[PDB]
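Working notes, beginning with the structure itself.
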């Protein structure tokens, strides 16, 4: 089964070489490649090529089999966004993925907006309560990884809970900016731009 | 001659040509030739409009078939046979027939004049609007099919404004004027015309629906909401006090408790909740036959689940035989099979049978456990098909009619997008929980529970900075894009078709009211009596012509005259003001000066 | 082509704002018209 | 004016789609004679007709290019 993964990609880049030679000019080899390089989506298809190679040499070095484990797993998610680039096909699918063309750089925006705003509380939660869970690269877990899980729900409430009236307080104060302002006025950021 | 109905006139010349059906020579059109294609243009009603049968059968007349000595198709009642029949004239309508003759030669503004002398003046403005829709339906390919239906809309708008005046003066007579008899175009007295004339506008107009809010709420009251009527339906002695007043109790006609009961029984508001809350109690019975009675024996309770469904399919057989044709057994079943919702009611039948044989094979009692549990959820969607009843319920379930295939859409959109992370979560972290069909649990079932919350955070948590990462990266596409822009996918489409979704629901208010007019007052416990009340009647009367629990308003020709002469008076009263409101357009008075100054161009040219 | 552009001109001719100022062109032909005696 | 001449191009397909649409989709595809190739659809790609290709039976003809031979109707 491992040999079957080799040349499926070799079976499809010739179709792009068929797209590189069906009807462009007989002279432009670096010029119709600028028609390719005009789109970041085509560079997002180049990113699907090279992250395979980043894990390939990490697999070809058997001391890096855990880099052989993790890199091609992140190469997996480059194809489904490329598949959402392909599955822009229905009237219910397509033009609403033309809405996300106004949102791909805004995917990076509200990420940087909110996840840095996470740091305004992700540090401020572990400040007063006396926590003691630390290791090498699990000191990061007991202070940062146990902060984002409490947003979407995994709350060690018997662990994080005289500083109890403040533990009520800042948990009420911080969620008033994310769940109310940054969520429900973001709905106004999305309804108006859709209309 | 350029009309496509004229091509259908040449077709209805050869729909029954010379030799096979009208055995003498006939390359000449006649007037039952127009009636037999008016059979196609309207529905399946009483269709006088030409004295169609052998007394004035206008189908066979170019070779000398003799006089009334045949009386099988020969036509000589008025005068002698001279390849004619005589003054056998229009038989209800000179000018309503000229309303046809303008529009079947496609003369729009002539029928605008002819309507002002046409005596129908409401139902023709529905029926010809349907005929203009029929002419739009058959063939024009451009340039008049839209102009038919815009005129059909304008003639519906003509039908709008004539009820607009006549509802304002004697609305109680106007609702009686909604229900006339089988005389002119036969039956479909200007409301059953509107069903196949597609009046999503006109049935949803002022007191049409309020009269339908007197068909539903048939006798008793209209005013009280669902608060204190549902108290009396369980508290049986609460009716005899002064909690609600009947229309009987309005004039204090309550002197008999059975008259207090049976007018309440035959009220269509009560036949609904009797049909609902007994069948709503059946779904609790269908649960209790599986909750406690999940047993391989017919118990005292397991036998009760058998023929409740047999007690209701005869009501659909009553719907299969109340008033369709006496010939179409596979044709009115296509009226059933036209709707996937009816096939969704067939799905409620067959998933019972899928678990029945799985229960009848005792080696498949776990298929006997699971299949009828999935048959349970087919009835509540069928109940949401039934409980499309309120102004707050109904038209917002007409919003989900734009969403039922979009239920399947965002399912396939999101749950395949789940696989983009549901595989990617278990990739790096070293998990070891596997069995036979629980290897599926430790990789897939523990992924969807983490979306809505059941996160084994002490299990899924050096690869910790990435476990922060992709859990932040993936939820930015689902909870932000696929959720909050889906709110934009729902707010705009709600604001888009909200005027249609109310009016089409009002256009489908009546079909349940039609079903609750043609329905006895017996509950589905006792409806097997009214099932067998017609079966003991169909052995002593072998005909489907006993009763019509329907409109069936019989109107005397003398009392109609006080209505119709006043109604014809309301025709030229309204159209004058409609012309006057058309005359109140100032854009004429813009160009009225232009007509006036063009009379002053020549006026200085006489010397 | 000339079938549609005529109707396109006719729908342009169906602009009433011309017929607003068509009177203005007409009455300007009646300014001079009382100036011959 | 380019929009108006696209609007001119709007209205001339608006009439010619209404009469012999089957000839009009053949009239969408002419030969390499006058301005050579790009027979009024491949012109529209670099002419940026986000209006005109999305107009009535242009896309329905494209719903006969896609769904090339067999049917169009079934979902």
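Easy rule for this one: first residue shown is 1, then count along the chain.
When the header is checked for method, it gives electron microscopy, 6.1 Å.
Heads up, the Cβ atoms here are built off N, Cα and C, so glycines get one too.
The annotation intramembrane segment is assigned in Swiss-Prot to A:144-158 on the grounds of experimental evidence. For A:152-155, the entry in Swiss-Prot reads motif 'Selectivity filter'. Taken from Swiss-Prot, the feature topological domain 'Cytoplasmic' applies to A:22-40, A:91-102, supported by a curator's inference. Residues or ranges marked as topological domain 'Extracellular' in Swiss-Prot (evidence: a curator's inference): A:62-69, A:124-143. Per Swiss-Prot, transmembrane segment is recorded for A:1-21, A:41-61, A:70-90, A:103-123, A:165-186, and the stated evidence type is experimental evidence.
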Ranked first among A:1-21, A:41-61, A:70-90, A:165-186 for CB pairs under 8 angstroms with the transmembrane segment (A:103-123): A:165-186
Outside the topological domain 'Cytoplasmic' (A:91-102), six or more residues from its ends: residues with CB under 8 Å to it: 84, 193-194
Composition by DSSP (helix, strand, coil) of residues within the motif 'Selectivity filter' (A:152-155): 1 helix, 0 strand, 3 coil
Contacting positions for the topological domain 'Extracellular' (A:62-69) when only residues 6+ beyond its ends and CB under 8 Å are counted: 55
The topological domain 'Extracellular' (A:124-143) - residue tally per DSSP class, helix then strand then coil: 3 helix, 0 strand, 17 coil
Helix-strand-coil residue split for the topological domain 'Cytoplasmic' (A:22-40), DSSP-based: 6 helix, 0 strand, 13 coil
